[PDB]
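Structure 1 and structure 2 below are two forms of the same protein chain, each written out on its own as structure tokens.
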Structure 1
């Protein structure tokens, strides 16, 4: 009846999201312990050994953590992506891994739109800016976020083209090359896999029309940083804006006036998105222990 639920967040939820988490789980007679703003993963290893269930954000969950959590039955990522979790090692420990699809979608999409206007208007500094209206937007991967970005972009009056090798939808091109050729603005929403890693590089970015802008609210490592640096040095009209800051120091030093990155990923860092993702994670934990519910599971074992 009573399960130990550990919440691992180096980047903590807003108070109201923690309260919601506690309200769902404690009413069902569970214990909730928080691990917030931890420095070393040694802190995590200790507090997890006794945990029955886990709630996580973007926190790296690797083999060493997974094995230390010997009685862990479920890990729920409050959000969409699960590249931070070692699925293979979770399969070994017979641990159910799930996410919370679409819960952060509006936070990320609103930031994506805001970044598009910000990038097209020279970072709100002096100079001749451009308007998003009557321009073509390319959505790279169209799931929950890409869908919302599209909705707002149509209200603004942008023409929409979509690339996604896994779905069938309107205005869809089959080649990712065509998207970069046809679209004045690219928004990336691809999850990080072995296939999408370093996929967006020099050969794709170069094909952009005049004043081409890439907005990245997805993952930094789907970009080939070397290729981006190379084309941005060659073409001084290109704009790159991102919620997932690049590692290289080049971008800040060389591309002022056409490059912006947030100091940290703030796409899901809103009061509302924290509540959605935090409470959805707690409810799925609740359902799993109550009814053996494994909806939204991403892995397979035994």
Structure 2
């Protein structure tokens, strides 16, 4: 099997080495396409390919049709918007991503941000400590679970809410977390259910010095609601890796508000090698055993 690796933004050298090792041992061929400047470059190369690994590169219909006998394309990372899924279905091409490969990067950023917020951005003033505080974890997926492990490590007590997962001690109503926890960590997927869900009435319930850290999406916040409660509750802190739309937070709440300029939760060298190497092992597995765990598309075999 020939495996082409298409990356305008190349993986780090040790990641490439690892992808090589996983596939050459099994033992397939690996062919790199790195820093290509022209759509045709990838088209020439992909014609003989059985498999593909990509990062955020656009894999469109033409490219996919050039890939006559490509059976599988693995996105090293979370999103796959960059790949034409319908054109892949048309061609009986299994499409995967690599879920859970950024979890520690996002969780450590959450913990760092919590310490940062509790310490006034490492500026002058009276700080607080995470040890012995109760953390309310919202979403107990990949990220949520790792945050629990780190938060416990540093000596926080834990409560959890997640309406999609069943886990040992979860609280039933999210209101309960906000009542009973000093610090809230948000790791929920954005849906109609969760859209705008974190708003005035809920946030209001936090105890004095309450803190909310958001590593997920801006849209699960009710921005005007959070603004209202922060204006009346000057003790509340909000730290987020997903900047709000409203410019009010930055204008009014300095000293108890921080947003990264860009979502950096997953921007770690480790996240990138974890994803690249997961992509390799998942492709090895597909050809070895037909394993299609993490397949994000589906098609008929008529």
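Between two forms, the rigid core is the largest collection of C-alphas that superpose within 1.5 Å. Residue numbers count along the first chain shown, from 1.
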Self-check item: Residue marking the hinge between structure 1 and structure 2 [rigid parts; choose from 28, 229, 101, 156]
Solution: 101
Quiz item: Since the chain moves as two rigid parts, how big is the smaller part's turn between structure 1 and structure 2, in degrees?
Solution: 32
Practice problem: Can you read me the CA shift for residue 61 between structure 1 and structure 2, rigid core superposed, in Å? | Solution: 11.8
Exercise. Determine, in Å, the CA shift of residue 277 between structure 1 and structure 2 after the rigid core is used for superposition.
Key: 2.8
Self-check item: between structure 1 and structure 2, C-alpha offset at residue 108 (rigid core aligned, Å)
Solution: 0.4
